[PDB]
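Everything on this sheet refers to the single structure shown next.
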Amino acid sequence: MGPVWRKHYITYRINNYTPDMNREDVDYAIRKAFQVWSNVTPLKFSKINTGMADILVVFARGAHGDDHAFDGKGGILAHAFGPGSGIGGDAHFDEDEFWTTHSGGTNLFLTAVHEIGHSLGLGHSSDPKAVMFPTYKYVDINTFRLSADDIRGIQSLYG
Ligand SMILES: NC(=O)[C@H](CCC(=O)O)NC(=O)[C@H](CCC(=O)O)NC(=O)CCc1ccc(-c2cc(-c3ccccc3)cs2)cc1
Ligand SMILES: [Ca+2]
Ligand SMILES: [Ca+2]
Ligand SMILES: [Ca+2]
Ligand SMILES: [Zn+2]
Ligand SMILES: [Zn+2]
């Protein structure tokens, strides 16, 4: 097992915005992704626009300051650090991907759901129907729901 936030009130901040999408559409995708996890836990998420946040959201390309360089278009889409101080919790998205509000390119909302799972301390699921399954695939975003496995996983960390 890994680490967890030793608190239930968790802040996030968007460091910077992909030019792929409009600013409002980015904020929304991220907000809705946090809400997915909020809906099945006691966790409360708050966006801040300046200052120290628990989870920093970053778009960057190639080698971008950690031990985990991105790899251009395709392959790695994003990654996130487990709960902890400093870079802990932070979620990074590869700017070399084309981020979208829909099924075009790589869907930011679905990807954020997956990465925030990691930011909260989840690992991967062996269940192909779970959002924490290790590879991207588009599913209808209006009908999207966490799988029972995702809910089991997150509730085992936060009660
Ligand atoms: N070359 C690679 O692709 C490597 C290989 C994996 C490894 O060995 O680390 N991947 C990597 O390095 C990184 C690691 C970071 C992470 O895992 O988040 N992974 C990645 O870059 C991929 C991260 C990702 C994983 C899953 C999803 C999604 C799943 C779903 C979904 C919805 C319903 C049902 C089923 C699925 C919607 S969206 C989105 C994004
Ligand atoms: Ca990539
Ligand atoms: Ca952090
Ligand atoms: Ca891009
Ligand atoms: Zn990174
Ligand atoms: Zn993952």
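Quick notes
- Any chance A60 is farther than 17 Å from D25 by Cβ and either within 16 Å of ligand 3 (Cβ to nearest atom) or among the acidic types (D, E) (or both): yes
- Across region 47-62, the qualifying residues are those that are over 14 Å from the mean Cα position of the chain (by Cα) and closer than 13 Å to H79 by Cα, and the one among them that is surrounded by the fewest Cβ atoms within 10 Å (Cβ to Cβ) is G62.
- Listed by first and then second residue, the pairs linking a residue in region 116-130 that is among the polar types (S, T, N, Q) to a residue that is assigned to a loop (DSSP other than H, G, I, E, B) and more than 10 Å from ligand 1 (Cβ to nearest atom), with Cβ atoms under 6 Å apart and 6 or more places separating them unless they lie on different chains, are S119/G89.
- Count of residues meeting criterion [more than 16 Å from ligand 5 (Cβ to nearest atom) and buried (at least 21 other Cβ atoms within 10 Å of the Cβ)] in region 82-104: 0
- Complete set of residues in region 32-42 that are in contact with a strand residue (DSSP E or B) (Cβ under 7 Å, 6 or more places away or on another chain) and surrounded by fewer than 19 Cβ atoms within 10 Å (Cβ to Cβ): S38
- Of all the listed residues (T50, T100), the sole one being in contact with a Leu (Cβ under 8 Å, 6 or more places away or on another chain), in contact (Cβ under 8 Å) with a residue 24 or more places away in the chain and not charged (D, E, K, R) is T100.
- Of all the listed residues (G65, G74), the sole one being away from ligand 1 (no atom under 14 Å from the Cβ), free of Cβ contacts under 8 Å to residues at least 60 places away in the same chain and out of contact with any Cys (no Cβ under 7 Å at 6 or more places or on another chain) is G65.
- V4 vs. criteria within 18 Å of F144 (Cβ to Cβ), away from ligand 4 (no atom under 16 Å from the Cβ) and assigned to a loop (DSSP other than H, G, I, E, B): no
- Candidates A91, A112 - the one that is within 15 Å of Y12 (Cα to Cα), in contact (Cβ under 8 Å) with a residue 60 or more places away in the chain, among the aliphatic types (A, V, I, L, M) and out of contact with any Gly (no Cβ under 9 Å at 6 or more places or on another chain): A112
- Candidate set: region 105-136, residues that are assigned to a loop (DSSP other than H, G, I, E, B) and within 16 Å of ligand 2 (Cβ to nearest atom); chosen: the one surrounded by the fewest Cβ atoms within 10 Å (Cβ to Cβ): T135
- With respect to the stated conditions, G82 fails to be assigned to a loop (DSSP other than H, G, I, E, B), touching a residue at least 60 places away in the same chain (Cβ under 8 Å) and closer than 12 Å to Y12 by Cβ.
- Residue check, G2 small (G, A, S), more than 12 Å from ligand 3 (Cβ to nearest atom) and without any contact (Cβ under 8 Å) to a residue 60 or more places away in the chain: no
All of the numbers you see were taken from the coordinates with simple rules; none came from a lab. Cβ coordinates were reconstructed from backbone atoms using ideal geometry, including for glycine residues, and neighbour counts include every protein chain displayed.
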